[PDB]
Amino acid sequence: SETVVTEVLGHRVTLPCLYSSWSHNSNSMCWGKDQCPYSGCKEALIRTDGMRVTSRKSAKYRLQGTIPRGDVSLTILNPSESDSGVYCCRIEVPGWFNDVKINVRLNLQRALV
């Protein structure tokens, strides 16, 4: 299946990503467009440590949830058409070959009707 969030152009929108096992001493994350960023979370849209956002590509991207409890959902401010598409949430997990990758598609419309 695919999880799609539908929103009207220009309206802030939140794409869910929750990791309930989150431990601030162990986990961190990043979001990417189209596919997940590579391990290390470079070229990411937005990136955290175990507690808070540590870098982002622009102020369009915010994490408004409680990051130390694993709510690393992405909020996109004033989305325009180019912002539509697949977003991938990568959770960095201790060890090798253990990272979690969660995909959400953003669909933007002019109306909900």
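Residue numbers run from 1 along the displayed sequence.
Stretches 29-37 and 53-61 differ in mean CA B factor, with 53-61 having the higher one. The mean Cα B-factor in the deposited entry runs higher for 42-50 than for the other of 83-91 and 42-50. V104: CA B factor lies in the lowest third for its chain, per the PDB record. The entry lists a Cα temperature factor for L15 that places it in the lowest third of the chain's modelled residues. The deposited CA B-factor of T66 belongs to the highest third of values across its chain.
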